[PDB]
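Notes follow the structure.
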Amino acid sequence: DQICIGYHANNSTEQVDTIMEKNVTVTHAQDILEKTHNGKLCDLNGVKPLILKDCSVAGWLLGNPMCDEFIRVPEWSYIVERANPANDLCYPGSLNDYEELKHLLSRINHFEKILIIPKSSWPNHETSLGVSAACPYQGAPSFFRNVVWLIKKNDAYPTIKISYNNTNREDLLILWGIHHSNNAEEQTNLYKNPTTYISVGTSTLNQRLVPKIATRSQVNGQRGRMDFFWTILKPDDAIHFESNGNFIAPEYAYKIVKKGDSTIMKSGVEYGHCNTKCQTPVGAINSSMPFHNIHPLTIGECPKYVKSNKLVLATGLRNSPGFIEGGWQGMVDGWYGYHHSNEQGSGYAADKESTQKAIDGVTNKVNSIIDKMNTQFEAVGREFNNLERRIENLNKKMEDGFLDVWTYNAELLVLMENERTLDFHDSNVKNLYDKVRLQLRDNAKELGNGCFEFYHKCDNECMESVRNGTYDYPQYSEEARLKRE
Amino acid sequence: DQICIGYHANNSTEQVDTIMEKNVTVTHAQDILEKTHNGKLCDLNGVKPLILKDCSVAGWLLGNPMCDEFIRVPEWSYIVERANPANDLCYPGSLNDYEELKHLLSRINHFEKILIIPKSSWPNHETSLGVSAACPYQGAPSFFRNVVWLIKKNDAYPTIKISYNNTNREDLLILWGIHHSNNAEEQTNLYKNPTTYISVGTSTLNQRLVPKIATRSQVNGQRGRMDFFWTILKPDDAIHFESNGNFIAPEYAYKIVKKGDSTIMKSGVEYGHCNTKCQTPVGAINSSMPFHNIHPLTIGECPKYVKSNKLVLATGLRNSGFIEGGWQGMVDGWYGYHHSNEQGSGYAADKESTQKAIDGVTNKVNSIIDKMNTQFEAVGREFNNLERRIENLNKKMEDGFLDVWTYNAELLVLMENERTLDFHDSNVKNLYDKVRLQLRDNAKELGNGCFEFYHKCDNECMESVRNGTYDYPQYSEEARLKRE
Amino acid sequence: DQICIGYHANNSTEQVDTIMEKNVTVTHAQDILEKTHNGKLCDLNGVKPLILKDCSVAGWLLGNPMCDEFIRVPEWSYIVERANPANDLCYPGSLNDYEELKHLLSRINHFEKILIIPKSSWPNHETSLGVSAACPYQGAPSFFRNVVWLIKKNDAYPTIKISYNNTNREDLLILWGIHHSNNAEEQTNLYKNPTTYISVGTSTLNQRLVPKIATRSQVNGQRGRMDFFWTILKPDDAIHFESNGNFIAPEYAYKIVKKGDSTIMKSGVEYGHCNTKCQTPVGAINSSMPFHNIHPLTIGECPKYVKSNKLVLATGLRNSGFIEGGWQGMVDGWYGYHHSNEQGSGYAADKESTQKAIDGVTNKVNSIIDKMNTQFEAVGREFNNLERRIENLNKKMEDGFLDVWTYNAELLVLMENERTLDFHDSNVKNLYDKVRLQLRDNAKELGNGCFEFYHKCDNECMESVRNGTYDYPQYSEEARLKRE
Ligand SMILES: CC(=O)N[C@H]1[C@H](O[C@@H]2[C@@H](O)[C@H](O)O[C@H](CO)[C@@H]2O)O[C@H](CO)[C@@H](O[C@@H]2O[C@H](CO[C@]3(C(=O)O)C[C@H](O)[C@@H](NC(C)=O)[C@H]([C@H](O)[C@H](O)CO)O3)[C@H](O)[C@H](O)[C@H]2O)[C@@H]1O
Ligand SMILES: CC(=O)N[C@H]1[C@H](O[C@@H]2[C@@H](O)[C@H](O)O[C@H](CO)[C@@H]2O)O[C@H](CO)[C@@H](O[C@@H]2O[C@H](CO[C@]3(C(=O)O)C[C@H](O)[C@@H](NC(C)=O)[C@H]([C@H](O)[C@H](O)CO)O3)[C@H](O)[C@H](O)[C@H]2O)[C@@H]1O
Ligand SMILES: CC(=O)N[C@@H]1[C@@H](O)[C@H](O[C@@H]2O[C@H](CO[C@]3(C(=O)O)C[C@H](O)[C@@H](NC(C)=O)[C@H]([C@H](O)[C@H](O)CO)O3)[C@H](O)[C@H](O)[C@H]2O)[C@@H](CO)O[C@H]1O
Ligand SMILES: *[C@@H]1O[C@H](CO)[C@@H](O)[C@H](O)[C@H]1NC(C)=O
Ligand SMILES: *[C@@H]1O[C@H](CO)[C@@H](O)[C@H](O)[C@H]1NC(C)=O
Ligand SMILES: *[C@@H]1O[C@H](CO)[C@@H](O)[C@H](O)[C@H]1NC(C)=O
Ligand SMILES: *[C@@H]1O[C@H](CO)[C@@H](O)[C@H](O)[C@H]1NC(C)=O
Ligand SMILES: *[C@@H]1O[C@H](CO)[C@@H](O)[C@H](O)[C@H]1NC(C)=O
Ligand SMILES: *[C@@H]1O[C@H](CO)[C@@H](O)[C@H](O)[C@H]1NC(C)=O
Ligand SMILES: *[C@@H]1O[C@H](CO)[C@@H](O)[C@H](O)[C@H]1NC(C)=O
Ligand SMILES: *[C@@H]1O[C@H](CO)[C@@H](O)[C@H](O)[C@H]1NC(C)=O
Ligand SMILES: *[C@@H]1O[C@H](CO)[C@@H](O)[C@H](O)[C@H]1NC(C)=O
């Protein structure tokens, strides 16, 4: 006749590492690292991204003939660009502050193309001959759709003086450019005048562009270049152009309303008609876990990126194949409990109160570590050019330093807390064993294995009497007194 | 006749959370989060700020007529500027490298205006016509006080060639500028010469400026523009100017002595006459706590900013089981005993056990506070509209450290509070063990944290049990015959 | 008559602090902070540094006569410049994007100087008169060796139009330059061409340079200046120069193959002919420790820099559940017993319990060391005077991380030290409870961790209780009357 107190055992193969012990198989565990993604590019917080297909932001904006004339998506959360975009700037050249303009255009709440300077405005210049082979539409020479390459008319290029007053209530993005000639003959042939200039003026802008006529390498079959420039014209301000040649004049402009900032994501995954709080170039993370290892360049409210394959928190008990030699595989209905083997039968019992008290606390342990990382803001990727490598290395030092801080702190926290959890489980059993110690002072002997040697007989009902804390010690005290022999 | 053990209880309503348990009332606690500021702007480590009031750095350096002429103070710890300063470049234009100038001027050990090029130095040029409505003073057109807008004299503008050798043993901040005419007629009207230049050269400078005669939009009623430039002439170098028009010449310069940095603060709070090691745009912080939630953009040896409303550390016992709860009747300690005797009944406290615990939890709180390193850091936003990528980097940095310090501080608190509550429980159970070992069969294990005396213990006996000097041989026979 | 459960004591003078207790003398400890360096500049992962000595990256690159040697290292891992290199640009001027060039050049896999434009290519110009006293060689006017200063021939300077196609499969770093003369006479007496230009064109480059004839200050005896420029010619592109005069033309160029990044180190210590994974400006760190306090500016796979001077982890026990403890006699374990009978008295140790403690504390120490993730990094200052806002961002980032690692590492030591000392206390209590449970009735507990055998037990039964093989029915209640 004896009563026993032990812990639970199941068939789990999951192991956890603690600060002092490694590879400790436990009954229950919880990974706080997310490794699952959608494999698709989703909407970010309800807004659809801008997916440019093998075209760059410059190509799309300036109107490369090989790009969708109108995306007519007025709003986007992020811009999706392929790694090495194909079409780009068909006529060789450059766009000023490109990387800044891209940051400006990463998240837009209104985008609408408008016609600010119609070709009718150029009565003494040729608007139809400004085309090239480097800019093709269906094999045919063409040019950027949103600008106008003006050339001489009647061997004469009269000085242009045109102004546009932004009557709209929205800011305007206005793009224009300068054509660099190749020799003096080419200069006079397109623009009668040999010495040329472009002057651009707004309330904040004061620009003097002058063409550079030199020998250059051939790119897309052209040795000349075209440098482009942009400005943001505020409501009720006016832009003032003046030139006598080499002018790539604006024809269309863009109404921008910008309330937020994002980044240009470089990815090739397809739009999945989904929504997500966190987008990575490889797929979307819908998770609440504090840490992830999917991809560094996330956008949105994301878990912290760590260099870890697994971060498993123990939520259970040491599994089995110290007074309590091991756990009971037969106690399938509890975490802490009792065992009896009286004259009538032998059975396994579970301590509901002690069990729930621990299940609540251990889940509170996981939820605390999970939910205290409520610090989730917005994020960005890569945005620096070839002569900005020092700032790029700055961003990399930062990302790596944060990588090291989160990974050390997360891996150590799991190790420190898992040691405490397993200890917390050990202390719970010992207090239960001390509960029956005080209930059966001399009416039972200390066997030492977590079991108690009943001098007197207990029925299955007396066993539930030691359990339930409903046992009378003087009821059987004299029987134990005689059992001493 | 019985003896018991029990922990102290208060009227405290303070609640702490642990890693496994939430909303646990305690008798004592401490918040390691600073939440208060003095509501004023103060001297930082003894040095008064420079409060440009509705003036920008540009309009104070150049002489805007609506800004303060004199530099009252030769040194400052930080600059305070309003959000959208009203008096800035009154004539429309620009100041080169303005953010870097601002950063340079943000903390200065010595600033002193000096006249470098007297207005007498310009005999064949006009020194008095160079005003504008855009820069008004007392109802009349004026201009920046620290430079000169030279104009033609007798319909002629002789090519200027002037040099200034720095003989001041300290660096000099020198400013000049270029005037952008509006049309070829304006140009000859102010400077007879239609094509003009400005050549500035030092030991390190090689600059050539040319006006941009072009149609611009009216700002402050002018379509002209004035671009200003600057430089730091070293203590034995000379600056050489040459121009034949459009020259905004330097008249005054500043002797600079720079030994530290500390960004421009944007606040509208008034200057209280106080000192602080830590200044925010809303107020100053006088604290030794590790963490705070006052403002992101501090200056000085400040606590770490976190996104937390409170960081409370439990330093006491759980407030009102095996001990059946706490004793609100206990007044003179944290761990105590209960005499229940026919001679007398009362409460007593373990003097050493309590003091060992209050010293430890005090060491726990003091350790968390004292291990924080405070480095002088000036957090400010110093990037213009075409510098938004670098601003994003700074944001990511600020935001990352915020997320680290908040996560650590929140989890440190939860974790150490679970340990603090179990540390009180272990110290209590050790007192139960001391009494249990001294009286095995002489006392009875009631199980509710109390002992049942078979023997009748004097109030002198009761102290001996606490003193750890009970003699089981004294009346072990009493218990033998009592067990019936 | 007595057996006792006690712990080890030694003669260690090492103290560690804990979250609740300070200056706790322990038996064994481990400092996880590295403080020692060999005092030499070493190779990084088997690659030699490039130790420019009193020469700048521009002097070495452009071929300063005073620079001691031509190109000698074909691959490097980092560059070593002296704080203020003495040589640099012997003729006064500048080099465009010098700090971005120094970044690219910081870690180069392949580097080879090649002759791209021989002097035979300048028939109608003079390639021999392009010298200056500023570049002095051996007491004689000289000049940069990798670039040629072209001068008129027969009072004529015919326009240069020249193209170099990159026929190599490696990229080519090409440097050219422009000379700013001082007055219109010097311009004619050197280039016989009053208005001059320099156009440089590649597949990506489209430059126009025009001299600035202007009064400047004397540097190294020259009021003139030379501004140099560089570009990277890709493997099948060609560069095209055109120039009326003032051309400092490329003679030599460098084959570049770049496959990783580093930074430039400012140090004066010398090569030790050693190899390391981690390099500071004062020496090299060969350590697995997670934290170090040597220098902030490290290149390589380094530990985290912290401000602390001691991070001592505790691996043993307190030094003078036995109340006194402090058994200086025990030498072969941490936990053990002590016997007392007619044969004699001596100390014994528990092998199974002690070993699991040593396994545990060392696995903790290893876990703290081993869980640190080290990335290759290069901490250096790469910003100029008009970049001090970026420098501050760097400083804030560095200083922000220093504060993060210092606090967390300090609390880690403190928290885990106190938990380890207390877990050892649980282990000696596990031994006492095992002994007390077996001696159910035949023995009394004295209170000091010891047990009084009423029925005196000799050497033979001491091993049975120790081994857990104690036979309770074998000898029992022999002398109940010993208690009387
Ligand atoms: C307008 C044109 O086609 N010019 C070509 C030139 O013809 C001259 C003619 O226009 C003029 O009236 O009379 C002179 C003789 O007095 C010439 O007959 O002949 C050159 C020699 O072959 C051509 O150069 C070639 O240009 C090629 C590129 O063609 C395009 C281009 O597709 O980019 C043709 C475009 O029509 C033209 N654009 C405009 C707006 O007129 C451009 C433009 O000239 C350049 O892009 C500006 O730099 O050029 C190849 O580059 C080829 O290698 C080159 O020989 C002239 O195109
Ligand atoms: C010096 C002056 O007042 N010029 C005004 C000009 O008068 C000319 C006269 O100076 C010359 O001798 O003879 C010609 C005819 O042969 C003229 O009579 O007349 C212009 C037409 O109204 C004025 O333009 C107006 O300028 C306004 C601004 O006035 C100020 C200013 O307050 O900024 C007046 C200042 O005295 C003057 N500064 C200097 C140093 O002389 C400036 C200066 O001209 C500009 O700032 C340079 O761009 O202008 C308004 O802008 C108004 O809209 C405009 O019509 C000439 O001011
Ligand atoms: C060859 C000669 O005699 N030139 C005369 C000048 O030497 C003299 O002005 C003086 O120039 C001095 C430095 O002389 C060099 C130099 O840079 O070291 C000597 C070089 O031969 C010469 N290089 C060329 C390509 O001609 C060089 C060059 O002229 C300048 O560097 C152009 O910037 O000058 C020194 O700086 C003296 O302080 C200065 O007086 C002038 C004026 O008298 O007449 C020249 O004939
Ligand atoms: C463990 O027990 C569950 C009970 O449903 C069973 O489904 C599962 O297959 C078992 N796993 C192994 C490895 O036996
Ligand atoms: C340089 O060489 C290759 C092969 O000869 C040729 O394809 C290329 O066009 C050349 N580039 C120039 C600018 O001459
Ligand atoms: C643009 O139009 C409005 C209304 O006619 C006017 O007030 C404003 O001054 C104009 N801006 C410019 C630069 O012309
Ligand atoms: C996202 O994760 C939560 C649990 O973290 C889950 O309940 C939810 O179904 C997931 N979202 C989608 C679209 O499946
Ligand atoms: C709690 O007790 C103290 C005196 O011990 C008293 O000053 C204080 O007002 C009391 N607080 C409450 C809420 O009763
Ligand atoms: C400035 O003054 C001192 C003494 O007159 C002189 O030694 C120095 O060369 C001068 N510096 C310049 C750039 O003229
Ligand atoms: C700052 O705080 C301390 C501690 O509360 C206080 O004694 C003092 O009055 C305050 N004084 C100053 C100068 O900040
Ligand atoms: C402590 O004992 C060791 C021998 O193991 C000895 O080398 C050392 O000098 C001793 N230190 C002191 C302070 O006695
Ligand atoms: C680094 O330290 C260990 C231990 O002292 C040593 O065995 C090893 O030789 C050292 N390696 C180098 C390259 O110095």
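Chains as they are written, first to last, in PDB author numbering: chain D, 1 to 321, 337 to 500; chain C, 1 to 320, 337 to 500; chain A, 1 to 320, 337 to 500. The beta-carbon is built from N, C-alpha and C at its ideal position, and this holds for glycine as well.
Tell me which residue opens and which closes the beta strand (DSSP E) that residue i is part of.
i: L175 (chain D); result: 171-180
i: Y351 (chain A); result: 351-356
i: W421 (chain A); result: First-last for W421 (chain A): 404-454, but that is the alpha helix (DSSP H), not the beta strand (DSSP E).
i: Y254 (chain A); result: 252-257
Could you tell me which chain C residues have their CB closer than 8 angstroms to the CB of residue i, listed as they occur along the chain?
i: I79 (chain A); result: Neighbours of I79 (chain A) on chain C: none; closest Cβ ~24 angstroms, over 8 angstroms.
Starting from the beta carbon of residue i, find every residue of chain D whose beta carbon is closer than 9 angstroms, and list them in chain order.
i: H180 (chain C); result: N206
Kindly indicate the opening and closing residues of the alpha helix (DSSP H) around residue i.
i: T378 (chain D); result: 367-386
i: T276 (chain A); result: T276 (chain A) -> not in any alpha helix (DSSP H); beta strand (DSSP E) instead, spanning 271-276.
i: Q490 (chain D); result: It is not in any alpha helix (DSSP H) - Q490 (chain D) carries neither H nor E in the DSSP assignment.
i: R318 (chain C); result: Counting along the chain, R318 (chain C) falls outside any alpha helix (DSSP H), and DSSP gives it neither H nor E.
i: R482 (chain C); result: 475-482
Going along chain C in order, which residues have a C-beta closer than 7 angstroms to the C-beta of residue i?
i: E99 (chain D); result: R405
i: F392 (chain D); result: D415
Below 8 angstroms on C-beta distance, what does residue i contact in chain D?
i: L427 (chain C); result: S383, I384, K387, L428
In chain A, which residues lie with their C-beta within 7 angstroms of the C-beta of residue i?
i: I294 (chain D); result: Correct list: empty, because the minimum Cβ distance to chain A is about 17 angstroms.
In chain C, which residues lie less than 9 angstroms from residue i when you measure between Cβ atoms?
i: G463 (chain A); result: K450, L453, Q454, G484
Using 8 angstroms as the cut-off, can you tell me whether the segment 101-111 of chain C makes contact with the segment 250-263 of chain C, which would need three or more C-beta pairs spanning the two stretches below that distance?
Segments in contact, yes.
Could you tell me whether the segment 365-377 of chain C touches the segment 425-443 of chain C, where touching means 3 or more Cβ pairs closer than 8 angstroms?
The segment 365-377 of chain C, when compared against the segment 425-443 of chain C, does touch it at the 8 angstroms Cβ threshold.
For the pair the segment 309-318 of chain A and the segment 31-43 of chain A, tell me if three or more CB-CB distances fall below 8 angstroms.
Yes, since at least three Cβ pairs between the segment 309-318 of chain A and the segment 31-43 of chain A fall closer than 8 angstroms, the two stretches touch.
Of all residues in the structure, which have a C-beta closer than 6 angstroms to any heavy atom of ligand 6, taken in chain order?
For ligand 6, the residues with a Cβ under 6 angstroms from any of its heavy atoms are, in chain order, D:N165, D:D236, D:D237, D:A238, C:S217.
List, from N- to C-terminal side, the beta strand (DSSP E) runs of 3 residues or more that fit wholly inside the segment 11-58 of chain D.
Runs found: 29-31, 41-44.
Can at least three beta-carbon pairs, one atom from the segment 13-25 of chain A and one from the segment 237-253 of chain A, be found at a separation below 8 angstroms?
Per the Cβ contact rule, the segment 13-25 of chain A is not in contact with the segment 237-253 of chain A (fewer than 3 Cβ pairs under 8 angstroms).
With a floor of 4 residues, list each alpha helix (DSSP H) that falls wholly inside the segment 94-170 of chain A, ordered by position along the chain.
If we require 4 residues or more, the alpha helix (DSSP H) runs fully inside the segment 94-170 of chain A come out as 98-104.
Touch check for the segment 388-399 of chain C and the segment 413-430 of chain A: three-plus C-beta pairs under 8 angstroms?
A contact exists between the segment 388-399 of chain C and the segment 413-430 of chain A.
Would you list the residues whose beta-carbon is nearer than 6 angstroms to any heavy atom of ligand 7, in the order they occur in the chain?
Going by the Cβ distance cut-off, the answer is D:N286, D:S287, D:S288.
Under 8 angstroms, with one C-beta from each stretch per pair, do the segment 354-373 of chain C and the segment 458-476 of chain C reach the 3-pair mark?
Touching, per the Cβ criterion.
Pairing CB atoms from the segment 163-173 of chain D with CB atoms from the segment 123-140 of chain D, are three or more of them under 8 angstroms?
Taking a cut-off of 8 angstroms on C-beta distances, the segment 163-173 of chain D does not touch the segment 123-140 of chain D, as fewer than three cross pairs fall below it.
Taking only runs of the beta strand (DSSP E) that begin and end inside the segment 183-209 of chain C, which ones reach a length of at least 3 residues, in chain order?
Taking 3 residues as the shortest admissible run, the segment 183-209 of chain C contains the following complete beta strand (DSSP E) segments, listed from N- to C-terminal end: 198-201, 206-209.
Is the segment 119-138 of chain C touching the segment 281-298 of chain C in the sense that three or more CB pairs, one from each, lie closer than 8 angstroms?
Below 8 angstroms, too few C-beta pairs join the segment 281-298 of chain C and the segment 119-138 of chain C to call them touching: fewer than three.
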